[PDB]
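*Asks:* Starting off with a structure, shown below.
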Amino acid sequence: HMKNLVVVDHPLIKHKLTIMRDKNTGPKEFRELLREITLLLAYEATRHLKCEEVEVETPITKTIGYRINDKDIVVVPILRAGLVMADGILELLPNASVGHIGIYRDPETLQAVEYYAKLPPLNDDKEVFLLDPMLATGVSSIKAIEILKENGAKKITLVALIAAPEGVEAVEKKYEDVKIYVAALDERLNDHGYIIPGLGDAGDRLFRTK
Amino acid sequence: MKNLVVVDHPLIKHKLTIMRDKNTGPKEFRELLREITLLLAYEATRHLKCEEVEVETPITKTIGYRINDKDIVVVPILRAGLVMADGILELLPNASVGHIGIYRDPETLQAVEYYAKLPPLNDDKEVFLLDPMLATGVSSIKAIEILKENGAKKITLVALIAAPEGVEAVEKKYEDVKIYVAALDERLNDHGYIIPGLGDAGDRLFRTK
Amino acid sequence: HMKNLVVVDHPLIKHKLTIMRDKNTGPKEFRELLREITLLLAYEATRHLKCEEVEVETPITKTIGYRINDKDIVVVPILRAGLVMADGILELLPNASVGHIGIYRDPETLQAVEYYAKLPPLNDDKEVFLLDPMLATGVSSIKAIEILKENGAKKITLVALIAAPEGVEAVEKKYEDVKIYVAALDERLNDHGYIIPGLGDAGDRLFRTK
Amino acid sequence: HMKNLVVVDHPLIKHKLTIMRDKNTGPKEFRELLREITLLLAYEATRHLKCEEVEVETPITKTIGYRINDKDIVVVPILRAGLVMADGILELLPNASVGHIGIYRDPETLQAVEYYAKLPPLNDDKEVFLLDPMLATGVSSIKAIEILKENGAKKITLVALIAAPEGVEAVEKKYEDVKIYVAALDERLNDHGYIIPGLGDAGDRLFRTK
Ligand SMILES: O=c1ccn([C@@H]2O[C@H](COP(=O)(O)O)[C@@H](O)[C@H]2O)c(=O)[nH]1
Ligand SMILES: O=c1ccn([C@@H]2O[C@H](COP(=O)(O)O)[C@@H](O)[C@H]2O)c(=O)[nH]1
Ligand SMILES: O=c1ccn([C@@H]2O[C@H](COP(=O)(O)O)[C@@H](O)[C@H]2O)c(=O)[nH]1
Ligand SMILES: O=c1ccn([C@@H]2O[C@H](COP(=O)(O)O)[C@@H](O)[C@H]2O)c(=O)[nH]1
């Protein structure tokens, strides 16, 4: 069904995600696991990046190596919970430019509310990685993509922890070219827009807010 | 090379190329080694077995997955394997850790153990053995020897760069050991360094001569 | 003249801060150094925290040890640049609750307004650490303290990298009980509200935005 | 009345140390705490380092800053347990040279056995930081100091987690110029050379060895 979805299949991700799902897992551990899983999802999510051959001189001899255009990578957390994922991916892409997009989803209305967007310069060359752990209805990530495109972004990859089918479908309907990398695809949403079985409220579980 | 996996990822190639570069100092070199090890870890741990287990999420009960976490063993070869171990332990924080010190003689091409301190090993244990430079292979073959002497069965070798001779030597002796690397280089020079390689890994990590 | 100000005097902080100040220092290194300085400033900023005696059994024998009320610590970055400080402090206080505050400061009117604030439960018992690297006019941190107090915060400690006299003075005028820990006190503000000699625009230098 | 001993008094160190002492604390957490305590002990152990004034140009203006001779710092773990400490201090001193000294203490004879020493160049200018968590009889650290001095080291600082009085005294008797920074001074040694109340076997508890 889901042309643009990659569900990353790795035993360590399964392991770690299951601990996150567990309601007894507190915020220190929940954050650690989120960072760690993002590091593994990063493997798959960045596999597409382009290399240029470049000469290198080693201590022994000259040879031909490889280079990515490093400043051309843009990492964009959706606040708050995407912050922790951004920390993870920046361990792998430490010379990326970073944007921040503040959106929350209104609990009652289930619409996205934008409160901040500060982005580095964007153009056709820029590879953007947008990060938000829970892709539920999709309204938040769609809004963030809207803001990215508006500001010149072309190539955008979404990295999430868990998606629901309707969220993935929503993103595909609007933005057919956006690839989505996740640790799991769950079953559906409950009446309050939470992913089932999911893991509850990610922001609250990360930061101990109520 | 039946047992060799050369991990092909653009981020690994990028980072490895900076490590190769003679101008890259110790602080960066270490960072890059740890970062590459995190990526090589993906591929090197793909084989680990899951058990299904019940979990209750805040929403509902469901079926999740679990690895026997204490049954993983991480074993750096001193010194330069230390930085790799730091990397992999980010991903496998509940592993037991062993340490092995081997001196390789350049003149005779023989290896001897100077230290080995291991956690309990048995058939169930998944051992990851870490050394950046797999050159002649004698060091990793000695470390595998020690591991097997102490009860290890399943051993996976993770390295940064290998030379063909080192890979062959390991496969001749220990045909079941899988080897994950960032690169397979061309050959060794008259002093047993990998070409083009990256020089002396330990010295470049810690700024020793 | 500055009752509530602690300028932390340590050769490593001076060293690292000098590197941040240097205009050639790129975003990767600037972030690193900010986190590392925050770790050292943490030493002094948390020295006041109260211990309870508790029994502990070690593998050899029982003894009396010490404990802090860990979940009663609250870390609050001011977005964006406080985010990197928060990562630093959370390495030492990983069981803290985390709040996030977004304040716009208007350059033309000198007024500050909240655009986001998401806080964990606050009360008299909670030890709050509020983090923002550049304490210039002071209006941003004063608005954040206002919001904290509004939501029940009592004990609040400000941690910054560099402050200007006017900022310190402004905080002391409003909130006489807030202690302020910094790596340096600089000379003054320029016509555009930047600290001299300071280090430029901290957010932009951390994230490579313009 | 131990002239060269500094017991670092900080409520976060006491908090963290108490968790390490607790026999139920597993290897993952034990390692994190040892690295975190070392960061705090680093504050006090490096306070003495010497600054040179240097010019820096910030994006705003030229000013006078500070600089330490960074490559002139040497970090030396005693294997194995010292490794985790070195990892912590290297977070603050990332440009330091690193030596390794392999010594274990024979459980039966309580004598130090050296199996490895690989050191960067040493001279009178070099500031050496020697790290080993448990300073019990002193034999290990005395042997390591011996090796350092033999190779040209002059200024040496010992950082440990817990010391026993007899170990501190033994170091003072031999090397009266070596300062020792620790998180705690415990009471005495038992019959097998373990610190009471201490925390058991540091190497085993870090790495899950028997
Ligand atoms: O099970 C869920 C579903 C949604 N959200 C939150 O709601 C937003 C995503 O929902 P949506 O905009 O994709 O519907 C994010 O802020 C996310 O953290 C959760 O925490 N858990
Ligand atoms: O190009 C090389 C070749 C070997 N070694 C070092 O030699 C050992 C591997 O030797 P071998 O036993 O595989 O020949 C390791 O400890 C490694 O750091 C290097 O640093 N660079
Ligand atoms: O020299 C300066 C002065 C201010 N700011 C920014 O302005 C805010 C502090 O402003 P103020 O409200 O203290 O004036 C912070 O968000 C900070 O990043 C700087 O980056 N550099
Ligand atoms: O309570 C103790 C006492 C000693 N040691 C170990 O013994 C050595 C220090 O003892 P000594 O040489 O100071 O006597 C170190 O390897 C240290 O890890 C412990 O682990 N726990």
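Here, A, B, ... name the chains of the structure tokens in the order displayed, residue numbers run from 1 inside each chain, and ligands are numbered from 1 in the same displayed order.
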Would you give me, as JSON lines, each residue of chain B having an atom within 8 Å of an atom of chain D, along with its shortest atom pair and that distance in Å to one decimal, using only C-alpha atoms and sorting by chain and residue number?
*Replies:*
```
{"residue": "B:26", "atom": "CA", "partner": "D:95", "partner_atom": "CA", "distance": 7.1}
{"residue": "B:27", "atom": "CA", "partner": "D:95", "partner_atom": "CA", "distance": 5.7}
{"residue": "B:93", "atom": "CA", "partner": "D:28", "partner_atom": "CA", "distance": 5.7}
{"residue": "B:94", "atom": "CA", "partner": "D:28", "partner_atom": "CA", "distance": 5.7}
{"residue": "B:95", "atom": "CA", "partner": "D:207", "partner_atom": "CA", "distance": 8.0}
{"residue": "B:96", "atom": "CA", "partner": "D:208", "partner_atom": "CA", "distance": 5.1}
{"residue": "B:97", "atom": "CA", "partner": "D:207", "partner_atom": "CA", "distance": 4.8}
{"residue": "B:98", "atom": "CA", "partner": "D:207", "partner_atom": "CA", "distance": 7.2}
{"residue": "B:114", "atom": "CA", "partner": "D:115", "partner_atom": "CA", "distance": 6.2}
{"residue": "B:115", "atom": "CA", "partner": "D:115", "partner_atom": "CA", "distance": 6.8}
{"residue": "B:117", "atom": "CA", "partner": "D:209", "partner_atom": "CA", "distance": 7.7}
{"residue": "B:118", "atom": "CA", "partner": "D:209", "partner_atom": "CA", "distance": 6.3}
{"residue": "B:119", "atom": "CA", "partner": "D:209", "partner_atom": "CA", "distance": 4.2}
{"residue": "B:120", "atom": "CA", "partner": "D:209", "partner_atom": "CA", "distance": 7.1}
{"residue": "B:206", "atom": "CA", "partner": "D:98", "partner_atom": "CA", "distance": 4.9}
{"residue": "B:207", "atom": "CA", "partner": "D:97", "partner_atom": "CA", "distance": 5.3}
{"residue": "B:208", "atom": "CA", "partner": "D:120", "partner_atom": "CA", "distance": 4.4}
{"residue": "B:209", "atom": "CA", "partner": "D:120", "partner_atom": "CA", "distance": 6.7}
```
*Asks:* Any idea what's packed within 6 Å of residue D:65, counting only C-alpha atoms, ignoring anything in its chain fewer than 3 positions away? Could you give it as an NGL selection string?
*Replies:* (:C and (18)) or (:D and (53-55))
*Asks:* Could you go through stretch 20-118 of chain C and tell me which residues DSSP, when run on the backbone, assigns to strand (DSSP E or B), listing them as a PyMOL selection string?
*Replies:* chain C and resi 52-57+62-67+73-78+97-98+100-105+112-118
*Asks:* Atoms to include: C-alpha atoms. Write the selected residues as a PDB file, in the first residue's frame.
*Replies:*
```pdb
ATOM      1  CA  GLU C  52      19.791  13.648  52.452  1.00  0.00           C
ATOM      2  CA  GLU C  53      21.654  10.892  54.236  1.00  0.00           C
ATOM      3  CA  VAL C  54      20.541   7.399  53.206  1.00  0.00           C
ATOM      4  CA  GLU C  55      21.696   3.904  54.014  1.00  0.00           C
ATOM      5  CA  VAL C  56      23.441   1.954  51.266  1.00  0.00           C
ATOM      6  CA  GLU C  57      24.723  -1.563  51.161  1.00  0.00           C
ATOM      7  CA  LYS C  62      26.434  -1.232  54.722  1.00  0.00           C
ATOM      8  CA  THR C  63      27.233   2.436  55.144  1.00  0.00           C
ATOM      9  CA  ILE C  64      25.565   5.860  55.086  1.00  0.00           C
ATOM     10  CA  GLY C  65      25.555   7.703  51.767  1.00  0.00           C
ATOM     11  CA  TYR C  66      23.786  10.678  50.225  1.00  0.00           C
ATOM     12  CA  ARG C  67      20.963  11.482  47.950  1.00  0.00           C
ATOM     13  CA  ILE C  73      15.236  19.136  39.558  1.00  0.00           C
ATOM     14  CA  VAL C  74      13.884  21.101  36.567  1.00  0.00           C
ATOM     15  CA  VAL C  75      16.021  22.074  33.548  1.00  0.00           C
ATOM     16  CA  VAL C  76      14.635  24.766  31.266  1.00  0.00           C
ATOM     17  CA  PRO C  77      16.327  25.825  28.027  1.00  0.00           C
ATOM     18  CA  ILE C  78      15.410  29.030  26.387  1.00  0.00           C
ATOM     19  CA  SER C  97      12.251  17.132  34.281  1.00  0.00           C
ATOM     20  CA  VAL C  98      12.677  19.430  31.300  1.00  0.00           C
ATOM     21  CA  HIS C 100      11.044  24.531  27.194  1.00  0.00           C
ATOM     22  CA  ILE C 101      10.482  28.247  26.769  1.00  0.00           C
ATOM     23  CA  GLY C 102      10.420  30.282  23.565  1.00  0.00           C
ATOM     24  CA  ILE C 103      10.667  34.082  23.903  1.00  0.00           C
ATOM     25  CA  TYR C 104      10.750  36.664  21.083  1.00  0.00           C
ATOM     26  CA  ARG C 105      12.532  39.817  21.961  1.00  0.00           C
ATOM     27  CA  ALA C 112       9.799  40.382  25.111  1.00  0.00           C
ATOM     28  CA  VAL C 113       6.892  38.023  24.484  1.00  0.00           C
ATOM     29  CA  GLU C 114       6.446  34.258  25.026  1.00  0.00           C
ATOM     30  CA  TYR C 115       5.680  32.180  21.898  1.00  0.00           C
ATOM     31  CA  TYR C 116       5.983  28.813  23.667  1.00  0.00           C
ATOM     32  CA  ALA C 117       6.209  27.453  27.150  1.00  0.00           C
ATOM     33  CA  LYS C 118       5.743  23.823  28.088  1.00  0.00           C
TER      34      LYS C 118
END
```
*Asks:* Take atom CA of residue C:140 and atom CA of residue C:12 and report the distance between them in Å, one decimal.
*Replies:* 27.9 Å
*Asks:* Enumerate residues in contact with ligand 1: an atom-to-atom distance of at most 7 Å, counting only C-alpha atoms and all ligand atoms. Format the result as an mmCIF file with N, CA and C atoms, in the first residue's frame.
*Replies:*
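Just written: selection-v2.cif:
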```cif
data_model
loop_
_atom_site.group_PDB
_atom_site.id
_atom_site.type_symbol
_atom_site.label_atom_id
_atom_site.label_comp_id
_atom_site.auth_asym_id
_atom_site.auth_seq_id
_atom_site.Cartn_x
_atom_site.Cartn_y
_atom_site.Cartn_z
ATOM 1 N N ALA A 81 9.651 16.810 20.853
ATOM 2 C CA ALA A 81 10.170 15.431 20.927
ATOM 3 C C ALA A 81 11.190 15.097 19.873
ATOM 4 N N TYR A 104 2.886 21.912 17.777
ATOM 5 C CA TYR A 104 2.193 20.882 18.558
ATOM 6 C C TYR A 104 0.862 20.587 17.898
ATOM 7 N N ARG A 105 0.327 19.430 18.245
ATOM 8 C CA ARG A 105 -1.012 19.045 17.819
ATOM 9 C C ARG A 105 -1.996 19.305 18.938
ATOM 10 N N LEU A 110 -7.029 18.191 17.142
ATOM 11 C CA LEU A 110 -6.075 17.356 16.361
ATOM 12 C C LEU A 110 -5.554 18.074 15.124
ATOM 13 N N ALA A 112 -2.613 20.887 13.737
ATOM 14 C CA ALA A 112 -1.273 21.342 13.985
ATOM 15 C C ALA A 112 -1.245 22.832 14.276
ATOM 16 N N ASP A 132 10.516 13.501 13.787
ATOM 17 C CA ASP A 132 9.429 13.527 14.783
ATOM 18 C C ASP A 132 9.072 12.097 15.116
ATOM 19 N N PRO A 133 9.164 11.709 16.376
ATOM 20 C CA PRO A 133 8.971 10.330 16.750
ATOM 21 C C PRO A 133 7.629 9.694 16.385
ATOM 22 N N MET A 134 6.520 10.387 16.563
ATOM 23 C CA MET A 134 5.202 9.789 16.354
ATOM 24 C C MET A 134 4.458 10.437 15.174
ATOM 25 N N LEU A 135 4.282 9.635 14.135
ATOM 26 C CA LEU A 135 3.545 10.041 12.946
ATOM 27 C C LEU A 135 2.139 9.408 13.045
ATOM 28 N N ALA A 136 1.201 10.192 13.561
ATOM 29 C CA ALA A 136 -0.137 9.699 13.891
ATOM 30 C C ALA A 136 -1.152 10.031 12.802
ATOM 31 N N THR A 137 -1.767 11.211 12.870
ATOM 32 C CA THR A 137 -2.639 11.687 11.790
ATOM 33 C C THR A 137 -1.835 12.258 10.614
ATOM 34 N N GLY A 138 -0.579 12.642 10.868
ATOM 35 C CA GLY A 138 0.263 13.249 9.854
ATOM 36 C C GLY A 138 0.195 14.773 9.794
ATOM 37 N N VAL A 139 -0.712 15.401 10.522
ATOM 38 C CA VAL A 139 -0.910 16.852 10.306
ATOM 39 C C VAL A 139 0.321 17.661 10.668
ATOM 40 N N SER A 140 1.009 17.237 11.717
ATOM 41 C CA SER A 140 2.236 17.926 12.157
ATOM 42 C C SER A 140 3.370 17.843 11.146
ATOM 43 N N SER A 141 3.686 16.643 10.688
ATOM 44 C CA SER A 141 4.742 16.514 9.702
ATOM 45 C C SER A 141 4.367 17.158 8.375
ATOM 46 N N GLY A 167 -1.548 8.252 9.017
ATOM 47 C CA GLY A 167 -0.495 9.249 8.904
ATOM 48 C C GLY A 167 0.397 9.064 7.693
ATOM 49 N N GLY A 193 -6.413 10.421 18.951
ATOM 50 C CA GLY A 193 -5.335 10.588 17.982
ATOM 51 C C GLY A 193 -4.024 9.953 18.364
ATOM 52 N N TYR A 194 -4.029 9.083 19.375
ATOM 53 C CA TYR A 194 -2.845 8.355 19.783
ATOM 54 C C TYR A 194 -2.728 7.047 19.031
ATOM 55 N N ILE A 195 -1.482 6.704 18.680
ATOM 56 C CA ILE A 195 -1.160 5.461 17.969
ATOM 57 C C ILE A 195 -1.321 4.249 18.892
ATOM 58 N N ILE A 196 -2.000 3.242 18.362
ATOM 59 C CA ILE A 196 -2.239 1.966 19.039
ATOM 60 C C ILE A 196 -1.411 0.881 18.363
ATOM 61 N N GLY A 198 1.268 1.785 20.084
ATOM 62 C CA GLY A 198 2.109 2.934 20.330
ATOM 63 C C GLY A 198 2.978 2.885 21.575
ATOM 64 N N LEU A 199 3.127 4.056 22.197
ATOM 65 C CA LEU A 199 3.878 4.205 23.443
ATOM 66 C C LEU A 199 3.419 5.394 24.300
ATOM 67 N N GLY A 200 2.214 5.897 24.080
ATOM 68 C CA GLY A 200 1.694 7.042 24.833
ATOM 69 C C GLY A 200 2.112 8.396 24.259
ATOM 70 N N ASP A 201 2.348 9.383 25.144
ATOM 71 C CA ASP A 201 2.746 10.725 24.698
ATOM 72 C C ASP A 201 4.251 10.919 24.773
ATOM 73 N N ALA A 202 4.872 11.032 23.609
ATOM 74 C CA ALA A 202 6.315 10.973 23.484
ATOM 75 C C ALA A 202 7.012 12.137 24.172
ATOM 76 N N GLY A 203 6.541 13.348 23.899
ATOM 77 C CA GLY A 203 7.043 14.555 24.563
ATOM 78 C C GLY A 203 6.996 14.489 26.083
#
```
*Asks:* Pick out the residues sitting within 9 Å of residue A:122, and hand them over as a list in words; count only C-alpha atoms, and ignore anything fewer than 4 positions along from it in its own chain.
*Replies:* residues 72, 74, 126, 127, 128, 148, 149, 151, 152, 153 and 154 of chain A
*Asks:* Identify which of the residues D:183, D:60, D:155, D:17 lies closest to ligand 3, counting only C-alpha atoms and all ligand atoms when measuring atom-to-atom distances.
*Replies:*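 Of D:183, D:60, D:155, D:17, the one nearest ligand 3 is D:60, counting only C-alpha atoms and all ligand atoms.
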